[PDB]
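What follows is a single structure, written as structure tokens, with notes after it.
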Amino acid sequence: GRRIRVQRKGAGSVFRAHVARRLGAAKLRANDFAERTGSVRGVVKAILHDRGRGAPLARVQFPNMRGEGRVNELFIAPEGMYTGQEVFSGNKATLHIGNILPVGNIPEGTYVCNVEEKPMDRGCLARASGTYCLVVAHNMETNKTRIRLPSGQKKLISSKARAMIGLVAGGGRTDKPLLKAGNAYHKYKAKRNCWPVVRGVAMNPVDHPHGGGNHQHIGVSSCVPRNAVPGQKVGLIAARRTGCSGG
Amino acid sequence: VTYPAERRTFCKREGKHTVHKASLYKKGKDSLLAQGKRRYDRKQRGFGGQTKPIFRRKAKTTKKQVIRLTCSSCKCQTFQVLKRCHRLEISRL
RNA sequence: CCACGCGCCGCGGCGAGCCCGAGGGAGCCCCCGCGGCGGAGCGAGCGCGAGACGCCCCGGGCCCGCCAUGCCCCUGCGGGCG
RNA sequence: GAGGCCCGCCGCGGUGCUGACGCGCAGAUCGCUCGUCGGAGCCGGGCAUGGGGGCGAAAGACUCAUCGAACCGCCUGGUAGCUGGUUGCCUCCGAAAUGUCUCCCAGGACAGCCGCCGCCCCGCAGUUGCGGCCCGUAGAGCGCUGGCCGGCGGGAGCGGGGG
RNA sequence: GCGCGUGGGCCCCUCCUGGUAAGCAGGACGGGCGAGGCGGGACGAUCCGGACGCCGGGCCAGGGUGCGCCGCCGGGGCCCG
RNA sequence: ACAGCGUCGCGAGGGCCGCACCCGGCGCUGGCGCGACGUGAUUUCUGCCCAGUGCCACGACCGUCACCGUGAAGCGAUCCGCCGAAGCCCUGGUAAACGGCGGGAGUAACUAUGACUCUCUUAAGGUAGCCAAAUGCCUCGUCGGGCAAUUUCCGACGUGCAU
RNA sequence: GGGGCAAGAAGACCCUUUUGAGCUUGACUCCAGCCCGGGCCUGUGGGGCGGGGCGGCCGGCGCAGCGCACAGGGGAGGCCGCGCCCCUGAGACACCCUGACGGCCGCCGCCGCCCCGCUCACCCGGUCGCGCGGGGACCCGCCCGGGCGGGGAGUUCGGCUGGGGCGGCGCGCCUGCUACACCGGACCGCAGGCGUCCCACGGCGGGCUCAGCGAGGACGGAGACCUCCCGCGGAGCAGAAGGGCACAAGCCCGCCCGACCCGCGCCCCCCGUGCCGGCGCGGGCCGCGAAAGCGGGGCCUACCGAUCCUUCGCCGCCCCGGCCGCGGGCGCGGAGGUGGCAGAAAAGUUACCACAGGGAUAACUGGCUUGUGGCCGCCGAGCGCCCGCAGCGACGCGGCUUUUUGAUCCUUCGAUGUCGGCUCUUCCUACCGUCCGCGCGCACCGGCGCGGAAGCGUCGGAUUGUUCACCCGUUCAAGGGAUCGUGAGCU
RNA sequence: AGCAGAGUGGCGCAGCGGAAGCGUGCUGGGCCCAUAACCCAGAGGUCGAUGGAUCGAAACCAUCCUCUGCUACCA
RNA sequence: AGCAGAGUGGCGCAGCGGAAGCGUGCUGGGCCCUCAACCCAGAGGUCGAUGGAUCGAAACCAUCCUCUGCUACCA
RNA sequence: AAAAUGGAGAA
């Protein structure tokens, strides 16, 4: 047989992210003494576009607490933030869109984004266009806060973890049809070599497990076990159920 | 076929015909100290999988049945090989 | 073709013997020089162990080992004889 | 003044003629005729990815005239029951294509035939005659086993029609 | 005693099996070709004679004897090989 | 290939790959994401079947199913019990998973006919459509159209080898 | 451009080779990966739950006698008063005894398991270590053990064979035949079997007579039973077939286990090797019979299996410096098998394909053949109003051809370019039209038959790649051969 | 091979020592004015075999034949 | 070619070593106020022929006739 | 809780 496309992808080499001309790593401002007690004030210098990200980014300039200059942070932009806004990242921060406060401080029912999976992780959950997490409940004895991830799954994260108030901007980007293959090529060129996609039933027996016969058929069931081998997991992995259904 | 529960046959220790009770011989459990088990266990150890032939093309339908005739007094065990038969019963006394 | 191993045939030396082994001899075609092999076999072994004749060949007869079976007796599951 | 819009030059492809060529101009070129020609476009330089690996809008395509596993050296003068060849002369003898076994059926072993080397002495024959035993084929026959074609003569009971 | 080649055979005569048959397949006794020169069968591997060192003379097999082409006549019968 | 359309896995103490190891890629990523797959714009739809084979159960622990550990015996090598993790089995779920979609009876009042209820295999019996089609063996099907004449063609019909 | 089966090229198709390769999967054997368990890494404290062992304690419902008798007890006194032995069942129970199966303890310095911390191992995040965290004795890692695992390796994929496949098995064995009277004979020849069944269907002794005719005898007839009579086997003897058998080898009884032990030889197949099968003995022990005898199964000819290994029996030896116990080994010979039967451990696919070869062998041309396809002749039952023959001719019979397909495998596999058309030449006659005769059921017209006759004609089109077919049309339209004429002529 | 389980009227399927159940089919009563449902009877099971042990066995325990599940494979 | 099944009343379709059977047609008889149903009678067979095989065959077996489904090896 | 049915037309 031949190594399949999935196997060839993990060595990078042509399938590595097209990261040239990307602004930088969008991350929440680092936790600092002035964040832990009180709030640091930043000004949104610019709202720009990341090459591979649908959501707009934002250059917010905070003062340098450590020294004498000014430090620039790159943040995923909540909708409604504007150039020349004053954004406060702190334990004592007001509940306005853009501000970063610890999740215990954030009240229940609040739309939050760029939430930290664990305190001082500088950003993890709810970072894509339109996506948000909501505060569900706070256990003040366990210092833990339940949040609902955009998937629906409920995660108990430390009350110390920080989040930016608001819903990420770029909302409703996938509503528009791509319409042409060309529009897809332009989107993927800013991302990685994953497009165009050839179906395995199109490929010859060597190239893919679905492979090929006199007629294009999946042969055995597409469902594969979770404990498949690395070149064998190709169809629906560990499917609990398959098929279109109600709900 | 059926085999008599007791038969009169030569017991070698006695040197004369004696009443011999009859029972069915069975192959016994293979030992791990036999020289062939020992050689096969050594050979099998390691990489390379199966090192000895495994017979699969079975054509026989019956096994020649061996009757253990144990002499009533001497305790001499003698055995008779009956011609291939599907069913053998040793009649009760 | 050459090497090496085996079978058999011829030939040379010596003969119950036979043999430039490796080597060593101010010596390498000279001298001296072990195993080995043969001389006893047979049995898984413990072990036991050949004569009776005969140009030669073949056969029979008998002896030795292995296996059985009697009988006798020492130093006895040993010895003798069949 | 919008468009993976149309006609159309270069460009980039390569349809048909199954045209030319086919000891070529050329180890794939040529002439017409074509597909497209603002786009998933075309083109240069640098760079990345390496052999059971890469890369693939998928043709098992492409990876330096090499790809259903590149190339170079070695292992390697790989192995072949399979093909081809195997070099002077004279004389004396001279087969076999069969029996049995074999993953045997294009091969071998063992026997037969055959050659050479002898060795030893006792009578030898693919022959006829004469004697003794055997054998079930040709023919012949229908008693046996199986068939068969009809005539004639009897009736115990029958199987049908008659009276 | 040592050993080699061989272990695809095929034809003729007669006797056979399967097949509509076959220059078909499969058998049997002997012979032949294989591995057999030569003369004849116009031609041919096997047919009919004859089985072979090199020659000279003689005989004559098989098969023939108009002319190619060596060698023929005589008699009786038949007659669009 | 494609846009669209589904399906699947996955919350980073992760998923999927690379990978002799050290360590990597997706990922300067974060579910409007990433990876894995089918089908392939619209328009209109996508039927039935979980038996079989996949796949999935904080779905049980039924039967099995190891080292280890723990008993018993032994002179000890050892042997015999027990214990029993996943897995399978068991039970459910699942067909835009792979795939399947047939027969047999009974069933008037032309008499065929079942329209209805009943069985069998093995779970279900082919629904809406479509058709002698690039899919129909018989076949150069039959019935129309077109021709002077048509193994082609077009429209019909359809127990349709084998939609 | 007709031929040099012209030149290209160790046929690519097909087959063979104990020659490959690519691919596949529930082929054989496996391997990374991953999941899971236990151990080590690996500190410091709790808490629960079992097991094992003790150990008290509470229970036990088919009814006569005393009520549900859990069981094995013991017994005329324990301590009831009841007892008993009564009076009772399937077994009495008094005071004391244990034994099993449950429940309810408690216990323990015993042995597992699970849970909860802690922070110090370890493990990640954040920071310009600028005023910080998150886990945590887990996880990872590692050693073992068990799962999944064509993702990936390595290998294999029988034989015979009128080519191979498919389908059979003369692939081990047996009977009658083929088989041509010793023996031996071949076929994917003929008609059939075998892989088992029976402690009796065996051994032995005695007695007996079988299948049936025929004739008889309540129900009773085709058919059951009972008699005589005559019965050469016409019955039976496990199964194929052929032999064999009558005071028996059949049948029935009575007794038995030789359907033993030990050592050999021989015959069949045959290399005169195995193996199955038989047979002939020298002993030991038996059985049956009065004995003589007979018996190593089943009357004979079929019914089965090497080495290595395993397992078991018997009697001994050996473990090599001793000796003892265990264990291992060995000599002896049974069993567990190799049916592809003298005995690898083994699935497909390949049109993506090879390799070495093969005309030992298919497709294709020729050649042999001629079933089949054509095409004739003979006979004359009938048809034809009548009338066998104008024209027909059944039922049968005898030929011919190579324009049909088979049959075969002779030639070609280091290659004879394989269908049709198109083009163009030639040939054949078994003659469709025209020519010349002649016959008609020949008035004419037109048909039909036959003999000679191959000079000329046998076309144009619709559909199909078609050869063929089918239809339309004309001046009405035969059939063929030349490597299925014709590809360095073409398409 | 081993460890486990199963086999019950014509058919399906309960049933743990002390009966032979229930469904269906069948055959009839009833039912109703007459149907169809419905109700109720009746018959139906070497309780695969075979042997034991038991007061007594469908049950227990062996065997022997099928069937299932999981694991096993020096010949 | 060769393979399987059948051939049974007029139509069907059973039977399967001891008859011909049921439906329909097909009349008749009931039945009612009449009609429809319905019920019940009556009848219908070289069992495709032949030979065998039997005490006896539609049956079972051979031959044959007829139908009806299955059929050709890439190179 | 369940509880459909009931030829022709003639009075």
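Note on naming: chains are A, B, ... as they come in the structure tokens, residues start from 1 per chain, ligands start from 1 in the order shown.
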Residues of range 2-90 of chain B in alpha helix (DSSP H), written as a ChimeraX atom specification: /B:35-44
Got time to write the residues from that selection, N, CA and C atoms, as an mmCIF file, in the first residue's frame?
data_model
loop_
_atom_site.group_PDB
_atom_site.id
_atom_site.type_symbol
_atom_site.label_atom_id
_atom_site.label_comp_id
_atom_site.auth_asym_id
_atom_site.auth_seq_id
_atom_site.Cartn_x
_atom_site.Cartn_y
_atom_site.Cartn_z
ATOM 1 N N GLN B 35 10.705 -34.167 26.673
ATOM 2 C CA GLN B 35 11.842 -33.553 25.949
ATOM 3 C C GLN B 35 11.329 -32.803 24.725
ATOM 4 N N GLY B 36 10.239 -33.253 24.121
ATOM 5 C CA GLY B 36 9.625 -32.539 22.990
ATOM 6 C C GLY B 36 8.910 -31.273 23.409
ATOM 7 N N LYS B 37 8.142 -31.311 24.489
ATOM 8 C CA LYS B 37 7.543 -30.040 24.931
ATOM 9 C C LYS B 37 8.694 -29.080 25.150
ATOM 10 N N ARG B 38 9.736 -29.536 25.829
ATOM 11 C CA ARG B 38 10.860 -28.643 26.202
ATOM 12 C C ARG B 38 11.511 -28.046 24.957
ATOM 13 N N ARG B 39 11.689 -28.840 23.905
ATOM 14 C CA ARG B 39 12.330 -28.340 22.668
ATOM 15 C C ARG B 39 11.351 -27.413 21.954
ATOM 16 N N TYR B 40 10.052 -27.682 22.019
ATOM 17 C CA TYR B 40 9.097 -26.867 21.236
ATOM 18 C C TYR B 40 8.900 -25.549 21.960
ATOM 19 N N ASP B 41 8.906 -25.588 23.283
ATOM 20 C CA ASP B 41 8.719 -24.350 24.071
ATOM 21 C C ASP B 41 9.907 -23.426 23.862
ATOM 22 N N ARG B 42 11.110 -23.989 23.850
ATOM 23 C CA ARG B 42 12.326 -23.192 23.578
ATOM 24 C C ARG B 42 12.208 -22.607 22.178
ATOM 25 N N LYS B 43 11.981 -23.452 21.178
ATOM 26 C CA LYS B 43 11.926 -22.984 19.773
ATOM 27 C C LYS B 43 10.886 -21.881 19.637
ATOM 28 N N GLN B 44 9.707 -22.050 20.221
ATOM 29 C CA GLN B 44 8.603 -21.082 20.017
ATOM 30 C C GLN B 44 8.980 -19.720 20.582
#
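Excluding range 16-25 of chain G itself and same-chain residues fewer than 4 positions from it, the residues having an atom within 9 Å of it are residues 1, 205 and 206 of chain A; 68, 80, 81, 82, 103 and 106 of chain D; 150, 347, 348, 349, 350, 352, 353, 354, 355, 356, 357, 358 and 361 of chain G, counting only C-alpha atoms (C1' of nucleotides).
Reported to one decimal place, the separation of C1' of residue 34 in chain G from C1' of residue 115 in chain G is 29.5 Å.
Note that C1' of residue 119 in chain G and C1' of residue 135 in chain G are 11.9 Å apart.
Residues in contact range of residue 28 in chain H, defined as at most 12 Å between only C-alpha atoms (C1' of nucleotides), with sequence neighbours fewer than 3 positions away removed, read residues 40, 41, 42 and 43 of chain H.
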Residues from the last selection, N, CA and C atoms (P, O5', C5', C4', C3', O3' and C1' of nucleotides), saved as a PDB file, in the first residue's frame:
ATOM      1  P     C H  40     -61.962 -17.792  29.962  1.00  0.00           P
ATOM      2  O5'   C H  40     -62.568 -19.263  30.008  1.00  0.00           O
ATOM      3  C5'   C H  40     -63.467 -19.646  31.059  1.00  0.00           C
ATOM      4  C4'   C H  40     -64.336 -20.789  30.605  1.00  0.00           C
ATOM      5  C3'   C H  40     -63.617 -22.088  30.326  1.00  0.00           C
ATOM      6  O3'   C H  40     -63.228 -22.801  31.499  1.00  0.00           O
ATOM      7  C1'   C H  40     -65.175 -21.679  28.603  1.00  0.00           C
ATOM      8  P     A H  41     -61.885 -23.714  31.534  1.00  0.00           P
ATOM      9  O5'   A H  41     -62.478 -25.163  31.807  1.00  0.00           O
ATOM     10  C5'   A H  41     -61.951 -26.299  31.111  1.00  0.00           C
ATOM     11  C4'   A H  41     -63.057 -27.034  30.402  1.00  0.00           C
ATOM     12  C3'   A H  41     -62.587 -28.128  29.453  1.00  0.00           C
ATOM     13  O3'   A H  41     -62.420 -29.354  30.142  1.00  0.00           O
ATOM     14  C1'   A H  41     -64.106 -26.732  28.322  1.00  0.00           C
ATOM     15  P     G H  42     -60.958 -29.918  30.424  1.00  0.00           P
ATOM     16  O5'   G H  42     -61.069 -31.468  30.018  1.00  0.00           O
ATOM     17  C5'   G H  42     -62.340 -31.953  29.526  1.00  0.00           C
ATOM     18  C4'   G H  42     -62.204 -32.312  28.068  1.00  0.00           C
ATOM     19  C3'   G H  42     -60.802 -32.672  27.581  1.00  0.00           C
ATOM     20  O3'   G H  42     -60.376 -33.964  27.985  1.00  0.00           O
ATOM     21  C1'   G H  42     -61.894 -31.317  25.987  1.00  0.00           C
ATOM     22  P     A H  43     -59.001 -34.124  28.771  1.00  0.00           P
ATOM     23  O5'   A H  43     -58.070 -34.874  27.720  1.00  0.00           O
ATOM     24  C5'   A H  43     -58.586 -35.954  26.929  1.00  0.00           C
ATOM     25  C4'   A H  43     -58.083 -35.838  25.514  1.00  0.00           C
ATOM     26  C3'   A H  43     -56.596 -35.542  25.362  1.00  0.00           C
ATOM     27  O3'   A H  43     -55.744 -36.678  25.566  1.00  0.00           O
ATOM     28  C1'   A H  43     -57.808 -34.090  23.969  1.00  0.00           C
TER      29        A H  43
END
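Between chain A and the candidates D:110, D:48, D:64, D:105, the tightest atom-to-atom separation, counting only C-alpha atoms (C1' of nucleotides), involves D:48.
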Residues near range 29-32 of chain E, cut-off 8 Å, only C-alpha atoms (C1' of nucleotides), skip fewer than 2 positions along chain, as a PyMOL selection string: chain E and resi 11-12+46
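The shell of residues at most 12 Å from residue 34 in chain I, with only C-alpha atoms (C1' of nucleotides) counted and near chain neighbours (fewer than 6 positions) removed, consists of residues 8, 9 and 10 of chain J.
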How would the residues just chosen look if you wrote them out with N, CA, C and O atoms (P, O5', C5', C4', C3', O3' and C1' of nucleotides) as a PDB file, in the first residue's frame?
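Contents of the output file selection.pdb:
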ATOM      1  P     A J   8     -80.648  -3.890  -0.526  1.00  0.00           P
ATOM      2  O5'   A J   8     -81.558  -4.632  -1.609  1.00  0.00           O
ATOM      3  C5'   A J   8     -81.123  -4.809  -2.973  1.00  0.00           C
ATOM      4  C4'   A J   8     -82.269  -5.278  -3.835  1.00  0.00           C
ATOM      5  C3'   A J   8     -83.625  -4.655  -3.533  1.00  0.00           C
ATOM      6  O3'   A J   8     -83.789  -3.373  -4.121  1.00  0.00           O
ATOM      7  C1'   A J   8     -83.844  -6.981  -4.001  1.00  0.00           C
ATOM      8  P     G J   9     -84.247  -2.080  -3.241  1.00  0.00           P
ATOM      9  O5'   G J   9     -85.463  -1.424  -4.085  1.00  0.00           O
ATOM     10  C5'   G J   9     -85.948  -2.089  -5.281  1.00  0.00           C
ATOM     11  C4'   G J   9     -87.373  -2.568  -5.116  1.00  0.00           C
ATOM     12  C3'   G J   9     -88.298  -1.744  -4.206  1.00  0.00           C
ATOM     13  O3'   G J   9     -89.603  -1.843  -4.763  1.00  0.00           O
ATOM     14  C1'   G J   9     -88.333  -3.935  -3.518  1.00  0.00           C
ATOM     15  P     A J  10     -90.808  -0.925  -4.235  1.00  0.00           P
ATOM     16  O5'   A J  10     -91.765  -1.983  -3.525  1.00  0.00           O
ATOM     17  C5'   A J  10     -92.249  -3.125  -4.259  1.00  0.00           C
ATOM     18  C4'   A J  10     -93.270  -3.889  -3.450  1.00  0.00           C
ATOM     19  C3'   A J  10     -93.940  -3.106  -2.325  1.00  0.00           C
ATOM     20  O3'   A J  10     -95.169  -2.588  -2.816  1.00  0.00           O
ATOM     21  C1'   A J  10     -93.116  -5.192  -1.507  1.00  0.00           C
TER      22        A J  10
END
Nearby residues (only C-alpha atoms (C1' of nucleotides)) at most 8 Å from range 62-64 of chain C, same-chain spacing under 5 positions excluded, as a count of residues only: 6
For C1' of residue 259 in chain G and CA of residue 10 in chain B, the interatomic separation in Å (one decimal): 13.8 Å
Selection: 10 Å around residue 112 in chain D, only C-alpha atoms (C1' of nucleotides), excl. self and same-chain fewer than 2 positions, as number ranges by chain: D: 96, 98-99; G: 271
Generate a file of the selected residues that holds C-alpha atoms (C1' of nucleotides), formatted as a PDB file, in the first residue's frame.
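Printed below is part.pdb as written:
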ATOM      1  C1'   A D  96      16.842 -46.392 -23.669  1.00  0.00           C
ATOM      2  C1'   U D  98       9.769 -49.407 -19.713  1.00  0.00           C
ATOM      3  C1'   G D  99       8.640 -51.394 -13.965  1.00  0.00           C
TER       4        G D  99
ATOM      5  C1'   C G 271      13.080 -52.187  -7.155  1.00  0.00           C
TER       6        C G 271
END
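Here the question is which of F:105, F:157, F:48, F:148 gets nearest to residue 132 in chain F using only C-alpha atoms (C1' of nucleotides), and that residue is F:157.
Using only C-alpha atoms (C1' of nucleotides), the part of chain F that sits within 12 Å of chain B is made up of residues 77, 78 and 79 of chain F.
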Counting only C-alpha atoms (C1' of nucleotides), chain A residues within 9 Å of chain G, as JSON, numbers by chain: {"A": [1, 30, 31, 32, 33, 65, 66, 67, 118, 119, 120, 121, 122, 205, 206, 227, 228, 229, 230, 231, 232, 233]}
Find the residues of chain A in contact range of chain F, meaning any atom within 7 Å when counting only C-alpha atoms (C1' of nucleotides), and list them as a PDB file with C-alpha atoms, in the first residue's frame.
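Contents of iface.pdb, as written:
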ATOM      1  CA  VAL A   6      -3.801  11.767   6.568  1.00  0.00           C
ATOM      2  CA  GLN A   7      -0.436  10.094   7.306  1.00  0.00           C
ATOM      3  CA  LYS A   9      -0.228  15.460   6.531  1.00  0.00           C
ATOM      4  CA  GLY A  10       1.366  14.934   9.981  1.00  0.00           C
ATOM      5  CA  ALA A  11       4.896  15.569   8.744  1.00  0.00           C
ATOM      6  CA  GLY A  12       3.836  19.069   7.743  1.00  0.00           C
ATOM      7  CA  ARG A  16       1.921  23.191   7.225  1.00  0.00           C
ATOM      8  CA  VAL A  19       1.225  31.481   8.568  1.00  0.00           C
ATOM      9  CA  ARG A  22      -0.474  36.696  10.011  1.00  0.00           C
ATOM     10  CA  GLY A  24       0.570  37.340  15.525  1.00  0.00           C
ATOM     11  CA  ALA A  25      -0.838  35.052  18.238  1.00  0.00           C
ATOM     12  CA  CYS A 124      -8.386  29.186  24.792  1.00  0.00           C
ATOM     13  CA  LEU A 125     -12.186  28.799  24.319  1.00  0.00           C
ATOM     14  CA  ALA A 126     -14.663  30.852  22.180  1.00  0.00           C
ATOM     15  CA  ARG A 127     -12.174  32.451  19.731  1.00  0.00           C
ATOM     16  CA  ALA A 128     -13.886  31.982  16.343  1.00  0.00           C
ATOM     17  CA  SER A 129     -16.235  34.404  14.516  1.00  0.00           C
ATOM     18  CA  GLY A 130     -19.602  34.771  16.222  1.00  0.00           C
ATOM     19  CA  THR A 131     -18.762  32.164  18.880  1.00  0.00           C
ATOM     20  CA  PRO A 150     -20.070  27.031  22.012  1.00  0.00           C
ATOM     21  CA  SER A 151     -20.540  23.253  21.401  1.00  0.00           C
ATOM     22  CA  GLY A 172     -22.660  35.039  10.413  1.00  0.00           C
ATOM     23  CA  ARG A 173     -19.684  34.501   8.081  1.00  0.00           C
ATOM     24  CA  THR A 174     -20.664  30.977   6.960  1.00  0.00           C
ATOM     25  CA  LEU A 178     -18.943  30.116  -1.128  1.00  0.00           C
ATOM     26  CA  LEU A 179     -20.735  29.763  -4.551  1.00  0.00           C
ATOM     27  CA  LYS A 180     -17.625  29.039  -6.621  1.00  0.00           C
ATOM     28  CA  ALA A 181     -14.670  26.667  -6.234  1.00  0.00           C
ATOM     29  CA  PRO A 196      -9.290  20.367  -3.161  1.00  0.00           C
ATOM     30  CA  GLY A 219     -16.673  -1.823   0.394  1.00  0.00           C
ATOM     31  CA  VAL A 220     -16.999  -2.612   4.134  1.00  0.00           C
ATOM     32  CA  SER A 221     -18.875  -0.252   6.522  1.00  0.00           C
ATOM     33  CA  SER A 222     -17.505   3.309   6.746  1.00  0.00           C
ATOM     34  CA  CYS A 223     -17.746   3.080  10.562  1.00  0.00           C
ATOM     35  CA  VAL A 224     -14.268   2.262  12.016  1.00  0.00           C
ATOM     36  CA  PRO A 225     -13.418   1.389  15.667  1.00  0.00           C
ATOM     37  CA  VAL A 234     -10.513   6.775   7.484  1.00  0.00           C
ATOM     38  CA  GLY A 235     -14.334   6.973   7.573  1.00  0.00           C
ATOM     39  CA  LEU A 236     -16.617   7.671  10.540  1.00  0.00           C
ATOM     40  CA  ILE A 237     -14.506   7.086  13.673  1.00  0.00           C
ATOM     41  CA  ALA A 238     -16.328   5.622  16.713  1.00  0.00           C
ATOM     42  CA  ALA A 239     -19.733   6.711  15.385  1.00  0.00           C
ATOM     43  CA  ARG A 240     -22.375   6.421  18.142  1.00  0.00           C
ATOM     44  CA  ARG A 241     -25.077   6.520  15.421  1.00  0.00           C
ATOM     45  CA  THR A 242     -25.145   7.372  11.695  1.00  0.00           C
ATOM     46  CA  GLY A 243     -27.853   8.653   9.343  1.00  0.00           C
ATOM     47  CA  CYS A 244     -30.077  11.716   9.098  1.00  0.00           C
TER      48      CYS A 244
END
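Here the question is which of D:16, D:108, D:153, D:54 gets nearest to chain A using only C-alpha atoms (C1' of nucleotides), and that residue is D:54.
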Can you write out as a Markdown table which residues of chain G fall within 12 Å of chain B, alongside each residue's closest atom pair and its distance in Å to one decimal, counting only C-alpha atoms (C1' of nucleotides) and ordering rows by chain and ascending residue number?
| residue | atom | partner | partner_atom | distance |
| --- | --- | --- | --- | --- |
| G:28 | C1' | B:50 | CA | 9.9 |
| G:29 | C1' | B:49 | CA | 5.9 |
| G:30 | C1' | B:49 | CA | 5.7 |
| G:31 | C1' | B:47 | CA | 9.2 |
| G:153 | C1' | B:48 | CA | 11.6 |
| G:154 | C1' | B:48 | CA | 9.7 |
| G:195 | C1' | B:60 | CA | 8.0 |
| G:196 | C1' | B:85 | CA | 7.2 |
| G:197 | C1' | B:1 | CA | 8.1 |
| G:198 | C1' | B:1 | CA | 6.7 |
| G:199 | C1' | B:3 | CA | 5.5 |
| G:200 | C1' | B:2 | CA | 9.4 |
| G:201 | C1' | B:1 | CA | 11.4 |
| G:256 | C1' | B:8 | CA | 10.0 |
| G:257 | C1' | B:8 | CA | 6.6 |
| G:258 | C1' | B:9 | CA | 9.4 |
| G:259 | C1' | B:82 | CA | 8.0 |
| G:260 | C1' | B:9 | CA | 5.2 |
| G:261 | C1' | B:10 | CA | 6.3 |
| G:262 | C1' | B:12 | CA | 10.3 |
| G:284 | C1' | B:15 | CA | 7.7 |
| G:285 | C1' | B:16 | CA | 5.2 |
| G:286 | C1' | B:17 | CA | 6.5 |
| G:287 | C1' | B:8 | CA | 9.9 |
| G:297 | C1' | B:82 | CA | 10.9 |
| G:298 | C1' | B:83 | CA | 12.0 |
| G:303 | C1' | B:84 | CA | 9.6 |
| G:304 | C1' | B:84 | CA | 9.6 |
| G:305 | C1' | B:60 | CA | 10.8 |
| G:308 | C1' | B:36 | CA | 9.2 |
| G:309 | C1' | B:36 | CA | 6.1 |
| G:310 | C1' | B:30 | CA | 6.9 |
| G:311 | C1' | B:27 | CA | 5.0 |
| G:312 | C1' | B:27 | CA | 7.2 |
| G:313 | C1' | B:77 | CA | 6.6 |
| G:314 | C1' | B:12 | CA | 8.8 |
| G:315 | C1' | B:13 | CA | 10.4 |
| G:327 | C1' | B:33 | CA | 8.7 |
| G:328 | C1' | B:33 | CA | 7.5 |
| G:329 | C1' | B:35 | CA | 8.5 |
| G:333 | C1' | B:79 | CA | 11.3 |
| G:334 | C1' | B:79 | CA | 8.0 |
| G:335 | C1' | B:66 | CA | 6.9 |
| G:336 | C1' | B:27 | CA | 7.1 |
| G:337 | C1' | B:58 | CA | 8.1 |
| G:338 | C1' | B:55 | CA | 7.9 |
| G:339 | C1' | B:59 | CA | 5.7 |
| G:340 | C1' | B:57 | CA | 9.9 |
| G:341 | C1' | B:59 | CA | 9.7 |
| G:343 | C1' | B:55 | CA | 11.6 |
| G:344 | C1' | B:53 | CA | 8.5 |
| G:345 | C1' | B:53 | CA | 4.4 |
| G:346 | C1' | B:56 | CA | 9.9 |
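Considering only range 162-213 of chain A, backbone DSSP assigns strand (DSSP E) to residues 162, 163, 164 and 165 of chain A.
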